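Everything below concerns the one structure shown next.
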Amino acid sequence: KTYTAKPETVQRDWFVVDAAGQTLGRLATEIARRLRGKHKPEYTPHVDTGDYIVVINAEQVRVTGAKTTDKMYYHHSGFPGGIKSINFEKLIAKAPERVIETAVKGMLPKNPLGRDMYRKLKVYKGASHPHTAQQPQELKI
Amino acid sequence: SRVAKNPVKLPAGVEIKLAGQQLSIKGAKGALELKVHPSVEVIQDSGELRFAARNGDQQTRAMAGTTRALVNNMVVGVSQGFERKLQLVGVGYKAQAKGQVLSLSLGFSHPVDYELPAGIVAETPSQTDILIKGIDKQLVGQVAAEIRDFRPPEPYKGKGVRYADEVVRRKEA
Amino acid sequence: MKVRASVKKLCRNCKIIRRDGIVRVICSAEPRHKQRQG
Amino acid sequence: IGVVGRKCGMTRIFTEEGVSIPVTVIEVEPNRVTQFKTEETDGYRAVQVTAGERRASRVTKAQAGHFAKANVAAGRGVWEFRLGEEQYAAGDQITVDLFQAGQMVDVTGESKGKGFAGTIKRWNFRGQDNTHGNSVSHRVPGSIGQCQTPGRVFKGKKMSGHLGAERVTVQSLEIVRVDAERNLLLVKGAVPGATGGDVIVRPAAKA
RNA sequence: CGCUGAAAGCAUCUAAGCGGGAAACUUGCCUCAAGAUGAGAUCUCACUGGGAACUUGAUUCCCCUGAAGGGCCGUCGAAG
RNA sequence: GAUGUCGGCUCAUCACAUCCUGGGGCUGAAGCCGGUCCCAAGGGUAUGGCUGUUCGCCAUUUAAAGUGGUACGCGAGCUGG
RNA sequence: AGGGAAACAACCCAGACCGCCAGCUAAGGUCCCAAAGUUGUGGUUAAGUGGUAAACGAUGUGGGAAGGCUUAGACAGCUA
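Chains as they are written, first to last, in PDB author numbering: chain J, 2 to 142; chain G, 2 to 174; chain 6, 1 to 38; chain D, 3 to 209.
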């Protein structure tokens, strides 16, 4: 019968991404492919096999056309009349690391695996990460 | 005909410091003007300048005309000082420059004290005239507009600040 | 201004400008020819 | 930076002109500095300030060693104040003398607490009638929400429950007199709490 | 409402560039707020015994040991 | 083999096609007032006489006494004209 | 009944005797949720059109035939 992966025998790696002019949703579709594990031959859906990602410049990211002065990010507070909105340009000066997380979070399953695949994503707005001990390799510059 | 074909013919010892990306005109009577062009082709001849263009879009056919008139204004600026004649119309109105402060009397309750931004000087030969001397059109023209919008004119009396003579309309009461 | 759905010239002095995606009419003569949207 | 006082009572003093000034009297124990939080370990920049006289049986050995880095030898309570830029070192009695006459101040206390209050006392919620046919419901609340279409009650409503011993500040009062000999601040107005409470006096925010 | 300015020899607030702009928006003022499962940060205090089984992040048992502290209990409180 | 109908009280929430306050083209806008149209939903938005009345018509105010949705909001919350 | 249209008796596809961890296809599809092309070629749209609509308005733009005047100096512009 066909082989399934085992969670105590899984091997995981450390990648680092530079986002310095990458288009937002074309960058983010290749992170979310490699967090789920479609690049490995031993992929089963019910276990998590995938590589930790570190993203280093989450403020250099680029969007196309007139979308910088548009693209409201709506969310509701719970109270009556509590709808709130903030566009792309004003958001990126407030918290730059939450643009690129909410784009990847919507390209994942909504399971308790999706919450577990989302913990392998680690973004930074700086230029260096506190993970030199794990020694991530570069991919796809 | 197009303005992008006519050359610049810079007069009387005006120095170009061109890097290809950031042209820098330095002359006498004021200096240190510089602009950056997005993508045109600038050749540097024996006393003139011609602005060639790249890819024949609507947006390179439009840049080479704009960047020609901007470079031409930097040449005249170190040559001639840009000025704007603002006259004052009305009783009880006056203006007097005090160094770098231009303070006015416009019939308000408190007097306005307008401050000039940079190396640009307002001289008053009268109580009802302003002369604003500078080196670039856009900065002379901006300061002359912001003085004008303190008390704009009136079709019934004309009682308000008013620049270079031909601006006004009227009607009866 | 005078918001319409059909703007057009009224005298010889009116020029029709499309400023920031909207069809305006400005008149160098009399201001009662100023028309906004159309 | 401010001073931690104690509410003592309301009095009334007279201008010799003829007017009366309602005054709240506040006792100030001199306040020792426990520690000084620099910006480099802690991020922010603050002090710790302590009022005295607690018995030396109730301090735990965690605390008793904490008031021995500085020789504070402390009593009840440990408050903290966020400050812009100043230098306070080891233990320094911050006294009343920061203030002068005038000097708009802010005063934070808790409040007196009322137990479980209905909507009339809590929210000032005018009630139904008394005669004219009314049943048992004489000062109950009215209706809550709409019919079928939200179906729910809507968060944030104004029902009833526990008037507060919550923390309340009154703002922009003024100092009438500063007494260094008996350690008093006299403040013109009302001060939140009960008598014998605890009160913090900051220089004013708005001003 | 503009200032420079082409395309479109002129004009033109716009295509590039550069400003002024309202109780609405975001801070600003008062309160809750690390169950913020991403569960943060400082300072200071406590505890330094063996043995066997089975299999060694070693697990389990037996015996000595119970500190920092906290809780029950009592007198109460402008806290309930 | 049951979804209790009009007006009042209590408590409300949203829309904007704005009654008030805020910014402002044009006027057959002298000044004080206005007329009309674009932008704006932050907080406000009357006590009474007469009728079962909502509506209305009056008396007197006020910066102004807004027009709609929510089973023509709301009876396991009240009344029962 | 099954697959497609986000969920969708009656619209498209196809009519289930039972078992299989076997292969080729239909309508619908091939960036990630979600199985399969970030495939090749030639153009077009900048409005997020695509991803709701009418009289009507407009120097938006791409193509195709038309003409009208013009180095004897046209159209603009500054000059009477």
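Beta carbons are placed, not taken as given, at the ideal position from N, Cα and C, and that holds for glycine.
Partner residues on chain D for residue i, Cβ-Cβ distance less than 8 Å
{"i": "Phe80 (chain J)", "result": "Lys157 and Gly158"}
Inter-residue Cα distance where the pair is residue i and residue j
{"i": "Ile57 (chain J)", "j": "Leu122 (chain J)", "result": "11 Å"}
{"i": "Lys36 (chain G)", "j": "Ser2 (chain G)", "result": "25 Å"}
{"i": "residue 1 (chain J)", "j": "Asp49 (chain J)", "result": "Residue 1 (chain J) is absent from the model: chain J starts at 2 and stops at 142."}
{"i": "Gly129 (chain D)", "j": "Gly144 (chain D)", "result": "8 Å"}
{"i": "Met12 (chain D)", "j": "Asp108 (chain D)", "result": "17 Å"}
{"i": "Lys8 (chain 6)", "j": "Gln37 (chain 6)", "result": "10 Å"}
{"i": "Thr171 (chain D)", "j": "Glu55 (chain D)", "result": "26 Å"}
{"i": "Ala59 (chain J)", "j": "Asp14 (chain J)", "result": "21 Å"}
{"i": "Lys39 (chain D)", "j": "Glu112 (chain D)", "result": "26 Å"}
{"i": "residue 212 (chain D)", "j": "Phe127 (chain D)", "result": "Residue numbering for chain D in the displayed model covers 3 to 209; residue 212 (chain D) lies beyond these limits and cannot be assessed."}
{"i": "residue 213 (chain G)", "j": "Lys15 (chain 6)", "result": "Examination of residue 213 (chain G) is not possible in this model, given that chain G is present from 2 through 174 alone."}
{"i": "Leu100 (chain D)", "j": "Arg14 (chain D)", "result": "24 Å"}
{"i": "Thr3 (chain J)", "j": "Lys159 (chain D)", "result": "58 Å"}
{"i": "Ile17 (chain G)", "j": "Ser104 (chain G)", "result": "39 Å"}
{"i": "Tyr157 (chain G)", "j": "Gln128 (chain G)", "result": "23 Å"}
{"i": "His47 (chain J)", "j": "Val105 (chain J)", "result": "20 Å"}
{"i": "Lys95 (chain J)", "j": "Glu88 (chain D)", "result": "30 Å"}
{"i": "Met1 (chain 6)", "j": "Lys34 (chain 6)", "result": "5 Å"}
Contact under 9 Å by Cβ, residue i with residue j
{"i": "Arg141 (chain D)", "j": "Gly163 (chain D)", "result": "no"}
{"i": "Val90 (chain G)", "j": "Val162 (chain G)", "result": "yes"}
{"i": "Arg27 (chain J)", "j": "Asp52 (chain J)", "result": "no"}
{"i": "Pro194 (chain D)", "j": "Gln105 (chain D)", "result": "no"}
{"i": "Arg34 (chain D)", "j": "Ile96 (chain D)", "result": "yes"}
{"i": "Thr43 (chain D)", "j": "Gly93 (chain D)", "result": "no"}
{"i": "residue 58 (chain 6)", "j": "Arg24 (chain 6)", "result": "Since the first and last residues shown for chain 6 are 1 and 38, residue 58 (chain 6) lies out of range."}
{"i": "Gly4 (chain D)", "j": "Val155 (chain D)", "result": "no"}
{"i": "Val64 (chain J)", "j": "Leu25 (chain J)", "result": "yes"}
{"i": "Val6 (chain D)", "j": "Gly79 (chain D)", "result": "yes"}
{"i": "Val15 (chain G)", "j": "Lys27 (chain G)", "result": "yes"}
{"i": "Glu82 (chain D)", "j": "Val49 (chain D)", "result": "yes"}
{"i": "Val21 (chain D)", "j": "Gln102 (chain D)", "result": "no"}
{"i": "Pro137 (chain J)", "j": "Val62 (chain J)", "result": "no"}
{"i": "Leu109 (chain J)", "j": "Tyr125 (chain J)", "result": "no"}
{"i": "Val72 (chain G)", "j": "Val9 (chain G)", "result": "yes"}
{"i": "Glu42 (chain G)", "j": "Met75 (chain G)", "result": "no"}
{"i": "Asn185 (chain D)", "j": "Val51 (chain D)", "result": "no"}
{"i": "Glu102 (chain J)", "j": "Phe16 (chain J)", "result": "no"}
{"i": "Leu140 (chain G)", "j": "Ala174 (chain G)", "result": "no"}
**Prompt:** Can at least three beta-carbon pairs, one atom from the region 113 to 133 of chain G and one from the region 61 to 68 of chain G, be found at a separation below 8 Å?
**Reply:** no
**Prompt:** How do the region 153 to 172 of chain D and the region 115 to 134 of chain D stand: do at least 3 beta-carbon pairs fall below 8 Å, yes or no?
**Reply:** Proximity of the region 153 to 172 of chain D to the region 115 to 134 of chain D meets the contact definition, three or more beta-carbon pairs being nearer than 8 Å.
**Sufficient close CB pairs (3 or more, under 8 Å) joining the region 42 to 54 of chain G to the region 112 to 122 of chain G** = Contact fails: fewer than three Cβ-Cβ distances are below 8 Å.
**Message:** Contact between the region 182 to 193 of chain D and the region 11 to 29 of chain D is defined here as three or more beta-carbon pairs at a separation below 8 Å; is this criterion met?
**Reply:** yes
**Prompt:** Does the count of Cβ pairs from the region 61 to 76 of chain J and the region 144 to 156 of chain D closer than 8 Å reach three?
**Reply:** no
**Message:** When you compare the region 134 to 153 of chain G with the region 81 to 90 of chain G, are there three or more beta-carbon pairs, one atom per stretch, that lie closer than 8 Å?
**Reply:** yes
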